[PDB]
Structure formats: C-alpha cells, structure tokens
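Visitor: Below you will find the structure I want to go over with you.
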Amino acid sequence: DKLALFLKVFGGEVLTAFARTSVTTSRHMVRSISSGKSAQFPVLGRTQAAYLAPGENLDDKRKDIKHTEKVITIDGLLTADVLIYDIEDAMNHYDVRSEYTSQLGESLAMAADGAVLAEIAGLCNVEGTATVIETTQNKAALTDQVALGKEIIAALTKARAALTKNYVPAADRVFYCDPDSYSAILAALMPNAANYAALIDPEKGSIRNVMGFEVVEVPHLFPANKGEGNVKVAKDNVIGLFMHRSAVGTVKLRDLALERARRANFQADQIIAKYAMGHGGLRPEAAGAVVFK
Amino acid sequence: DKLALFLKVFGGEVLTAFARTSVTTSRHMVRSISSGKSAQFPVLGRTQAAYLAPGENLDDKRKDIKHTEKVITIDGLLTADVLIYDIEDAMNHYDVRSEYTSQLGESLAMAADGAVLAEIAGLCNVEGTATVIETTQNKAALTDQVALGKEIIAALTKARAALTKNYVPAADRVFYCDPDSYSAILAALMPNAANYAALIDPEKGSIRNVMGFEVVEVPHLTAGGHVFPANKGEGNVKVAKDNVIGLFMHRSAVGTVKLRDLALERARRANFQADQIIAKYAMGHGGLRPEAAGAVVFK
Amino acid sequence: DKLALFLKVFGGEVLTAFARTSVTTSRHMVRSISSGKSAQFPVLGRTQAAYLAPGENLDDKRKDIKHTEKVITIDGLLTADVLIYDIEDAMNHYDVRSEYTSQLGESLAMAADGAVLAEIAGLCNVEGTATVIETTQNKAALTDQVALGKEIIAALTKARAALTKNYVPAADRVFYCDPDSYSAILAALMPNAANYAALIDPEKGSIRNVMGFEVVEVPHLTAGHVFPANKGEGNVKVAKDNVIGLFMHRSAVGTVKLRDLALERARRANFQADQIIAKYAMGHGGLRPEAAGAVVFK
C-alpha cells in the first residue's frame with residue numbers, strides 16, 4: 001500500500017541518479033532483452049562505396065575479409081545495496097530521499113567505471129591487434145609537468161597512425177585517461193593562460209579532441225601487479241588505454257528492479273536492488289596504452 | 001492590532017532579507033526537523049564491487065567498518081538581535097524600517113558563515129583526509145595582480161587532484177575565497193576587455209563554472225566554532241586561518257537541520273526606556289565525513 | 001508484407017541517417033536529372049558591358065567574351081551497403097535496427113563529402129583560380145592552439161582579399177577545415193566567455209562567421225577520390241601533407257543525382273545471406289575554377 005507507493009518513487013530516483021552520472025551510457029553499444037540472458041552484435045569490417053561499373057558486381061573484398069562476429073551473454077549480476085533505519089522515508093520528503101538517491105547514483109557510476117575498464121584492459125595484453133605504444137623513457141628521467149604532455153601527445157598521434165594502419169573508422173574513438181597528470185596535457189598546451197574556456201566542456205566533463213580521440217578522466221589508477229611477465233597491460237605502470245566505439249559488448253535485462261525486506265540480525269530495514277545485469281565484453285582493435293618501460 | 005500587523009509584515013521582510021547576504025542556502029546540505037532535537041546523516045557506502053558470483057553474502061569484512069551516522073543536534077538556540085528606540089512604527093516605512101531588518105539579517109547569516117567555515121577549519125586540522133597545496137613562493141613575494149592571480153590557478157590543478165583521485169561525485173561543487181583573492185584570480189582571467197560586468201553570471205548571484213568547482217567569494221572569514229588557531233602563525237596546523245585563502249569543499253561533506261521555519265517577536269524591558277526585538281532560530285551546525293578540504297599556504 | 005513495411009520504415013528512418021551526418025549536403029549545387037543520364041552547367045565568363053551609339057555593332061566585344069562551358073558525367077553507381085543476419089525483426093525494437101542505419105549512413109555521407117572535398121582540393125593546377133596563401137613561419141615552431149591558431153586569421157585577411165578581388169557574391173560561404181584546428185580557431189576567437197549561447201548558430205552544428213566565410217571542421221580531410229598527398233611538392237603545391245586550407249564558397253561546385261536513394265534486398269544463402277542494398281547516383285566536380293585557394297606550411 002503506502003509503502004508500495006513510497007517505493008516506486010524511490011526506484012525512479014535511483015534510475016536517474018545513475019543516468020545522470022557515469023563515464024558510460026555512451027562510449028559503447030547497449031541493448032534490451034527479455035529472458036534471453038545473451039546477446040549479439042556485429043563488429044566492423046567497415047565498408048565503402050567504390051566507383052561501380054556494371055561490368056562487375058564486386059561482392060569480393062567481402063569474401064577476402066573472413067571476419068565473423070562474436071555475440072555474447074550475461075555473466076553474473078552486478079548490483080549492491082544497503083541497510084538502513086526506516087522511519088523517515090514516508091512523509092517528510094526533500095532531505096532524506098534526496099540524500100539516499102545521490103549515494104546510489106554514485107555507486108552506480110562506480111560500478112559502470114569498474115566493468116568497462118576491466119573488459120578493455122584484459123582484452124589484449126594477451127598476445128589494435130594488441131596495444132603497446134610506450135616510449136617516454138620509464139618515468140625516471142622525467143617527473144616534471146612540462147616534461148609530461150609533450151611526449152604524451154606524440155604517443156596518441158602514433159596510435160592514430162597505427163589505427164589507419166590497422167584501419168577501423170576514426171570518429172568518436174575514446175582514450176580513457178587517468179584522473180591526474182593530464183594537468184600536464186593541460187599545462188603542456190597552454191602555459192600561463194587562465195583561458196580554461198575555449199578548450200571546452202558543457203553537458204559533460206571532457207576536453208576537446210587533442211590529437212584525435214578525446215579526453216575523459218577517471219579513477220582506477222586486470223592484473224594488479226604484473227609489470228611485464230608476458231602480458232604488458234597492467235596496474236600502476238600503465239596509462240593510456242584507448243579503445244573505440246563498438247569494440248566491446250554487454251546487454252541489459254530490463255529497465256531495473258528492486259525489493260526490500262528485513263533481517264532480524266541487523267534489524268530494522270534492508271533495501272536491495274536487483275538490477276544492472278550487464279557485464280562488459282570487448283572486441284579487438286583500438287585498445288592500446290603507454291606505460292613507462 | 002496595528003503593531004502586530006507591522007511585526008507580521010516585518011518577519012516577511014527580513015525573512016526574504018536573510019537569504020540575500022546569506023553566503024549559502026543551497027549549494028549545501030540541510031534538513032527541516034519535525035520536533036526533533038537531533039538527527040543523523042549516513043555517509044554510507046560508496047564503493048560496490050557488485051561481483052555476485054554465488055558465494056557467501058555481504059560479509060563480515062563488510063561488517064567491519066565505520067559508516068556510522070555521526071548523529072547531530074543543535075548546539076543550543078542560535079539567534080541574535082538588536083535593540084531599538086521606536087519612532088517610525090507604522091509610518092516612515094520602506095526606508096528606515098528596512099534598516100533594522102538589515103542590521104539583523106546579515107548577522108543571522110554572518111555567524112552561519114564562519115560556522116560552515118568553522119567545520120572546514122576543524123576538518124583537517126586534527127592529527128582520505130582531503131588536503132592542501134603550498135606556495136610557489138613566500139608571502140613577501142606576493143605583490144601584484146599578475147603574480148597572485150596565476151598561482152591560484154596553478155594551485156587549482158593539484159587542488160582538483162584531491163577532488164578527483166579521491167573519487168567523489170564530480171557533478172557539483174563550490175570554492176570559497178576572499179575578495180582580496182577574488183580580485184586577484186579574476187584579474188588573472190581578463191585584465192583585458194573592460195569590466196567583470198561582461199561576465200554573464202550575476203543574475204544567479206554566482207559564478208558560472210570556472211576551471212573545476214564553482215566560485216563564491218567570501219565577505220569575512222572570521223566568526224568562531226577561530227575556534228582553530230587562527231591567531232597562531234603556525235604552531236604546526238598549516239590548515240589555519242590567515243596563513244591563506246585556500247579553503248574549499250564539496251557538497252554533503254557537512255550540513256544540519258533546523259526547527260519549523262523562522263519566527264520572532266518583541267517586547268520592552270524599560271530598565272532603559274525601550275522596546276526591543278528578538279528573533280529565534282534553531283539551525284545548529286553539523287559536521288560530517290571528511291573530504292574535499294584544504295588550502296594553499298604562504299610560507 | 002509486414003516485414004517489407006518494416007524495412008520501408010527503416011529506410012525512412014535512415015534518410016535522417018544521411019541527413020545529420022554529412023558536412024557537405026546543402027551549401028552546394030544539386031540538380032535533379034530525370035530520365036537523362038547527365039547535365040551541364042554554364043560558367044558565364046562575365047565581361048562587363050558598355051554603351052555605344054555610333055558602332056551599332058556587338059561584334060568585337062562579342063569576340064573578347066571568353067565563354068567556356070563544361071559538363072560532368074555522372075559516374076555510374078556509387079553506393080555502400082551491408083550484410084546482416086535477420087533475427088529480432090519487428091522485435092528488439094528501436095535499438096540495433098538503428099545501428100545498421102547509422103552505420104551505412106555515416107559511411108555514405110562520409111564518402112560523398114570526401115569526394116566533394118577531393119574534387120575541390122586538387123581541383124586545380126594548370127602547370128578565384130589562383131591565390132593560395134602560404135606560411136607566416138615554419139610549422140616547426142608552432143606549439144600551442146593559439147600559436148598556429150592566431151596566424152589563421154592573419155591569413156584569412158588575404159583570404160578575404162581573394163574572396164573579393166575576384167568578384168564573387170561574398171554573401172554566403174564556408175571555410176572547410178578538419179576537427180584538429182577548430183580549437184585553435186576558437187581559442188583566440190572566443191577567449192572572452194562562454195558566449196557560446198550568445199555566440200550564434202552553434203545549435204545548427206556550425207560556427208557563426210569569422211571574417212567572412214563560416215567555420216566548419218568535420219571528418220579529417222584525408223582518404224585520400226585521390227589528391228597527391230604524399231608528394232612533398234613535385235609542383236602541384238595545393239596538395240595534402242600540408243593543411244586544411246581550402247577556401248571555397250557557396251555555389252562553387254556540385255552536381256546531380258537520380259531520384260533520392262532507393263533500396264531493396266533478398267536472400268542469398270551463400271553464407272546464410274540476407275543483405276541490404278541501398279542505391280545512389282551523385283556525381284562530381286567542375287564548375288567555376290574560381291572559388292578557392294589554400295593555406296600551407298613552409
């Protein structure tokens with residue numbers, strides 16, 4: 001009854017608290033399904049429109065490609081929720097519900113950050129096709145803000161060149177970047193220069209297309225240890241990780257779901273959201289980084 | 001009758017007059033209690049791995065943590081007033097009636113200012129834990145606009161370092177600064193091109209987002225809890241007052257509750273020949289989970 | 001026939017797929033040829049006139065006219081389509097239908113834009129017609145966004161020079177560039193604010209004019225028709241490996257097409273195949289060798 005009405009309202013806030021805040025909902029394909037617990041999407045062998053003379057209908061390059069498309073399915077459930085002490089939620093209004101929704105949204109954003117990064121990183125160090133473009137000389141020679149951002153741009157240019165080299169389209173290609181040290185990529189471009197308009201963003205927190213791709217910055221300074229040991233893509237040794245649209249995969253189950261109950265052990269009230277089905281899946285290309293070594 | 005009516009319009013007048021010089025209403029966290037003396041605020045849970053591949057449940061390692069609502073309550077009734085000698089009454093309205101509304105309101109805010117300031121000063125001064133940045137040069141090397149405009153921005157970077165690397169909901173946040181500083185930074189922005197009138201912000205009485213954060217420059221920075229060794233040059237505690245301007249925060253790192261709108265009334269005393277007014281406010285000042293705090297330093 | 005109707009609906013949705021994509025869609029000559037395969041556009045060489053009583057003769061000046069006329073022929077098909085394995089159909093709605101639409105669209109629009117740009121950039125070497133603009137410095141020392149960004153304008157003074165002195169309707173026109181330098185422009189274009197709201201026509205997907213022209217940067221002029229990029233010089237100074245510098249204007253060029261875009265498909269089963277087919281006509285450059293010039297680095 002009344003609890004029921006109070007809920008539905010809570011669920012709507014949670015959905016928005018997610019959609020508002022994330023590194024995602026973009027920068028990848030997503031879809032809906034019903035009791036299918038799986039999914040499929042095509043990758044890109046690209047395509048173009050050549051001069052066509054009806055002495056022949058080519059349908060040829062399409063033979064010589066031999067590139068299939070790896071569908072996927074949902075593995076496990078990613079959601080987590082919490083325990084409370086009940087009384088406020090009915091009635092009152094602005095303070096309590098509003099306070100809970102934001103935290104849930106933050107949690108959703110963190111979850112979104114966790115999965116995509118992992119799928120990309122763990123795709124291939126494993127032997128574009130692979131990744132590595134590094135140079136920069138092992139961080140030891142240069143700790144300086146000026147000494148960074150120069151050598152960083154060149155690596156990105158090299159990566160774009162490799163991409164034409166390995167093809168794939170170039171439009172929205174990403175380059176997720178670390179939370180910091182891009183102060184260099186700031187402090188490199190324009191010295192002095194308050195200037196922080198121009199180089200831009202509304203509606204999001206990005207920067208604009210320096211040497212292709214774009215700039216998004218996040219936490220998560222995949223193997224949390226291994227320096228090389230075969231596979232190169234790794235923990236703190238690693239920066240970069242530029243992937244591209246539709247190189248990865250996931251699905252939904254439904255819009256969302258949640259329910260509540262009580263557990264005598266911790267008493268009063270327990271809210272849980274069974275929702276956020278999708279697990280990231282990565283298709284090779286793009287997906288490359290720079291470490292130090 | 002007439003007097004009561006005047007008082008009633010009053011309350012309205014100064015009510016709407018409060019929020020004006022008020023540095024913060026929104027861009028912060030608050031609640032309206034019902035009869036409560038107190039309240040409690042969940043800092044809650046944000047990191048969730050959510051990898052559910054069946055085993056156990058939420059476990060005791062998750063049971064071992066704080067996450068405890070720092071409860072909170074009033075510090076005792078917080079309100080102030082000023083004595084008058086009444087002539088104007090229901091005549092000479094608008095001007096000269098407004099003078100008292102004024103004299104009270106900005107103060108009613110004025111304490112709350114340092115209050116939300118006081119919590120910030122308290123927050124990282126005791127020995128996560130968001131933090132500072134230092135100089136690029138000593139106080140004596142601080143002279144003109146050109147210099148003292150820029151180093152602010154130089155600080156801003158590694159100021160964002162804490163904002164980011166420490167996670168937090170990157171959406172909405174505010175920076176607090178002083179007119180001496182406010183001047184400087186904005187002077188670093190546009191020495192060229194006329195006047196800050198060109199900045200299209202002021203309708204919201206604010207600063208449209210600069211690099212990071214948002215800008216609200218302070219009037220004062222001296223109230224109480226100040227409770228922190230403001231007076232002391234250092235005495236360790238480099239977080240102190242009048243070393244620097246660099247205090248900053250983010251939303252939901254503090255905030256508190258209050259009681260049932262705002263009311264007041266008056267009465268005479270006649271010990272000395274007058275009739276004086278008393279406002280009554282609840283508020284209180286809540287602390288909360290540490291994050292997004294610190295400063296620049298002059299040393 | 002329900003599936004066919006759904007396909008028709010998808011085709012209708014696409015149109016858009018071409019629409020929002022293309023840099024150059026409008027802002028150029030387009031004509032609808034019907035049942036014929038081609039067409040030709042008059043250049044009208046434009047001598048002035050005079051007034052004459054005693055001559056009563058049109059002749060000499062009628063010799064001096066220099067009227068040239070040129071045609072474009074039509075190619076023969078340029079279109080690009082995809083293979084798919086139908087599953088969801090009228091289900092798995094919205095999304096993943098749309099996917100393929102966007103996919104074939106951006107590709108088609110892109111190819112067309114690339115082609116027009118290509119026609120214009122080589123457009124011209126004999127051995128305003130002339131007046132490409134050059135350097136102001138060696139691109140080596142170019143560092144920041146405003147470093148190369150400021151000189152742009154300084155060049156566009158001369159661009160204005162070329163836009164006028166050769167006559168032409170200075171009314172409406174466009175400076176085609178590549179997403180790399182938009183910033184470089186916008187920096188010294190608008191260090192002041194955050195006028196973007198007041199800075200008009202961002203919401204139409206463009207930039208209100210710098211001195212003359214208009215500002216456009218879309219998909220990486222490259223790939224690559226073909227103009228002699230690789231050549232350092234080897235005469236033909238207008239080549240790539242240099243810049244974004246094409247100057248040209250509204251009604252500089254353009255051509256025709258046959259009755260929008262059509263489509264149909266069926267099974268194949270060679271490899272389990274039902275794969276969609278779009279069609280097109282389009283065409284290419286010609287048309288008033290006097291439009292543009294370029295910038296460069298040297």
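Numbering starts fresh at 1 for the residues of each chain in the structure tokens, the chains themselves are lettered A, B, ... in the order given, and ligands are numbered from 1 as they appear.
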Contacts of range 223-233 of chain B at 7 Å or less, counting only C-alpha atoms, minus same-chain residues fewer than 5 places along, as an MDAnalysis selection string?
Guide: chainID B and resid 111 114:115 118 121:122 240:243
Visitor: Once you count only C-alpha atoms, which residues of chain C turn out to be within 10 Å of chain A? Could you give them as a PyMOL selection string?
Guide: chain C and resi 75-85+87+91-96+99-100+103-104+107-108+110-112+143-147+179-196+218-220+223+225+280
Visitor: Go through A:75, A:113, A:60, A:95 one by one, measure the shortest atom-to-atom distance of each to chain B using only C-alpha atoms, and give the residue with the smallest value.
Guide: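 Among the listed residues, the smallest separation from chain B belongs to A:95.
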Visitor: One decimal, in Å: what's the spacing between CA of residue 46 in chain C and CA of residue 67 in chain C?
Guide: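 That distance, rounded to one decimal, is 8.2 Å.
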Visitor: Kindly give the distance, in Å, that separates CA of residue 92 in chain A and CA of residue 41 in chain B, rounded to a single decimal.
Guide: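 Between these atoms lies a distance of 15.3 Å.
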Visitor: For chain C, work out the contacting residues on chain B at 9 Å, counting only C-alpha atoms, and write them as a ChimeraX atom specification.
Guide: /B:190,193,198-200
Visitor: Sorted by chain and rising residue number, which residues of chain B lie within 9 Å of chain A, and what are their closest atom pairs and distances in Å to one decimal, counting only C-alpha atoms, as CSV?
Guide:
```
residue,atom,partner,partner_atom,distance
B:29,CA,A:95,CA,8.2
B:30,CA,A:95,CA,7.0
B:31,CA,A:95,CA,5.4
B:32,CA,A:95,CA,7.7
B:33,CA,A:92,CA,8.9
B:34,CA,A:92,CA,8.6
B:41,CA,A:99,CA,8.9
B:42,CA,A:100,CA,8.5
B:43,CA,A:103,CA,8.4
B:44,CA,A:103,CA,7.3
B:45,CA,A:103,CA,7.6
B:46,CA,A:107,CA,5.3
B:47,CA,A:107,CA,6.1
B:48,CA,A:80,CA,6.1
B:49,CA,A:111,CA,6.7
B:50,CA,A:78,CA,4.4
B:51,CA,A:78,CA,5.4
B:52,CA,A:77,CA,5.6
B:53,CA,A:76,CA,5.7
B:54,CA,A:76,CA,8.5
B:58,CA,A:80,CA,8.9
B:150,CA,A:192,CA,7.5
B:153,CA,A:194,CA,7.2
B:154,CA,A:192,CA,8.9
B:157,CA,A:183,CA,6.4
B:158,CA,A:183,CA,8.2
B:160,CA,A:180,CA,8.4
B:161,CA,A:180,CA,6.2
B:164,CA,A:179,CA,6.1
B:165,CA,A:179,CA,5.8
B:166,CA,A:219,CA,7.9
B:167,CA,A:219,CA,6.6
B:168,CA,A:106,CA,7.9
B:169,CA,A:106,CA,6.2
B:170,CA,A:21,CA,8.6
B:171,CA,A:21,CA,7.7
B:188,CA,A:194,CA,6.7
B:189,CA,A:194,CA,5.6
B:190,CA,A:194,CA,8.6
B:210,CA,A:196,CA,7.4
B:211,CA,A:196,CA,6.0
B:252,CA,A:99,CA,8.6
```
Visitor: My list of candidates is C:279, C:258, C:208, C:294. Which is closest to residue 239 in chain C when distances are computed with only C-alpha atoms?
Guide: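 Going through C:279, C:258, C:208, C:294 one by one, the smallest distance to residue 239 in chain C is for C:294.
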Visitor: When DSSP works through the backbone of this structure, what residues of range 91-160 of chain B end up as helix (DSSP H, G or I), shown as a ChimeraX atom specification?
Guide: /B:98-125,139-141,145-160
Visitor: From the set C:30, C:256, C:199, C:263, which residue has the shortest atom-to-atom contact distance to residue 276 in chain C, counting only C-alpha atoms?
Guide: C:263
Visitor: Using only C-alpha atoms, which residues sit within 10 Å of residue 285 in chain B once same-chain residues fewer than 3 positions away are excluded, as a list in words?
Guide: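 Non-adjacent residues within range: residues 30, 72, 73, 74, 75, 76, 78, 112, 115, 116, 118, 119, 225, 254, 255, 256, 257, 258 and 282 of chain B.
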Visitor: Using DSSP assignments from the backbone, pull out every residue in range 21-258 of chain C that falls under strand (DSSP E or B) and give it to me as a PyMOL selection string.
Guide: chain C and resi 29-32+39-42+69-72+83-84+173+175-177+207+215-217+249+254-257
Visitor: Could you tell me which of C:29, C:202, C:178, C:282 comes closest to residue 260 in chain C if we count only C-alpha atoms?
Guide: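 Of the candidates, the smallest distance to residue 260 in chain C is held by C:282.
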Visitor: To one decimal place, how far is CA of residue 41 in chain C from CA of residue 114 in chain C in Å?
Guide: 22.0 Å
Visitor: Write out as an MDAnalysis selection string each polymer residue whose atoms come within 8 Å of residue 263 in chain B, counting only C-alpha atoms; drop sequence neighbours fewer than 3 positions from it.
Guide: chainID B and resid 11 279:281
Visitor: Next, write the just-selected residues to a file, as a short mmCIF file (atom, residue, chain, number, x, y, z; two decimals), in the first residue's frame, keeping C-alpha atoms as the atom set.
Guide:
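Contents of the output file selection.cif:
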```cif
data_model
loop_
_atom_site.label_atom_id
_atom_site.label_comp_id
_atom_site.auth_asym_id
_atom_site.auth_seq_id
_atom_site.Cartn_x
_atom_site.Cartn_y
_atom_site.Cartn_z
CA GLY B 11 9.02 38.94 9.66
CA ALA B 279 14.38 36.56 16.60
CA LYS B 280 14.55 32.83 17.34
CA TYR B 281 16.35 30.26 15.19
#
```
Visitor: Pick out the closest residue to residue 297 in chain C from this set: C:207, C:148, C:262, C:248. Count only C-alpha atoms.
Guide: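 Ranking C:207, C:148, C:262, C:248 by distance to residue 297 in chain C, first place goes to C:148.
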Visitor: Leaving out residue 98 in chain B and any residue of its chain fewer than 3 positions from it, which residues lie within 9 Å of it when counting only C-alpha atoms, given as a list in words?
Guide: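 Near residue 98 in chain B, the qualifying residues are residues 10, 13, 14, 93, 94, 95, 101, 102 and 103 of chain B.
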Visitor: Would you output that residue set with N, CA, C and O atoms, as a PDB file, in the first residue's frame?
Guide:
```
ATOM      1  N   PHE B  10       6.922  42.703   8.847  1.00  0.00           N
ATOM      2  CA  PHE B  10       8.308  42.599   9.225  1.00  0.00           C
ATOM      3  C   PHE B  10       8.772  41.208   8.874  1.00  0.00           C
ATOM      4  O   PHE B  10       9.335  40.962   7.806  1.00  0.00           O
ATOM      5  N   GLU B  13       9.517  40.588   5.596  1.00  0.00           N
ATOM      6  CA  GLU B  13      10.554  41.439   5.037  1.00  0.00           C
ATOM      7  C   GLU B  13      11.928  40.870   5.324  1.00  0.00           C
ATOM      8  O   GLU B  13      12.740  40.665   4.416  1.00  0.00           O
ATOM      9  N   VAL B  14      12.183  40.576   6.588  1.00  0.00           N
ATOM     10  CA  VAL B  14      13.523  40.164   6.940  1.00  0.00           C
ATOM     11  C   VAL B  14      13.768  38.720   6.567  1.00  0.00           C
ATOM     12  O   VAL B  14      14.902  38.312   6.362  1.00  0.00           O
ATOM     13  N   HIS B  93       7.774  54.113   6.545  1.00  0.00           N
ATOM     14  CA  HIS B  93       8.033  52.734   6.142  1.00  0.00           C
ATOM     15  C   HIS B  93       8.973  52.667   4.952  1.00  0.00           C
ATOM     16  O   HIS B  93       9.556  53.678   4.563  1.00  0.00           O
ATOM     17  N   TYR B  94       9.114  51.471   4.385  1.00  0.00           N
ATOM     18  CA  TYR B  94      10.143  51.211   3.387  1.00  0.00           C
ATOM     19  C   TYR B  94      11.456  51.610   4.033  1.00  0.00           C
ATOM     20  O   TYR B  94      11.888  50.958   4.985  1.00  0.00           O
ATOM     21  N   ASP B  95      12.093  52.662   3.535  1.00  0.00           N
ATOM     22  CA  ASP B  95      13.312  53.155   4.171  1.00  0.00           C
ATOM     23  C   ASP B  95      13.139  53.463   5.661  1.00  0.00           C
ATOM     24  O   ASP B  95      12.084  53.917   6.097  1.00  0.00           O
ATOM     25  N   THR B 101      15.799  45.437   9.783  1.00  0.00           N
ATOM     26  CA  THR B 101      15.750  44.171   9.071  1.00  0.00           C
ATOM     27  C   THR B 101      17.151  43.831   8.599  1.00  0.00           C
ATOM     28  O   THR B 101      17.661  42.726   8.819  1.00  0.00           O
ATOM     29  N   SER B 102      17.767  44.820   7.966  1.00  0.00           N
ATOM     30  CA  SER B 102      19.133  44.718   7.502  1.00  0.00           C
ATOM     31  C   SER B 102      20.045  44.350   8.651  1.00  0.00           C
ATOM     32  O   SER B 102      20.655  43.286   8.645  1.00  0.00           O
ATOM     33  N   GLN B 103      20.125  45.236   9.636  1.00  0.00           N
ATOM     34  CA  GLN B 103      21.073  45.071  10.720  1.00  0.00           C
ATOM     35  C   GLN B 103      21.006  43.704  11.374  1.00  0.00           C
ATOM     36  O   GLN B 103      22.014  43.189  11.843  1.00  0.00           O
TER      37      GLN B 103
END
```
Visitor: Compare B:141, B:174, B:259, B:186 by their minimum atom-to-atom distance to residue 35 in chain B, counting only C-alpha atoms, and give me the closest one.
Guide: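 For residue 35 in chain B, the nearest of the candidates is B:259.
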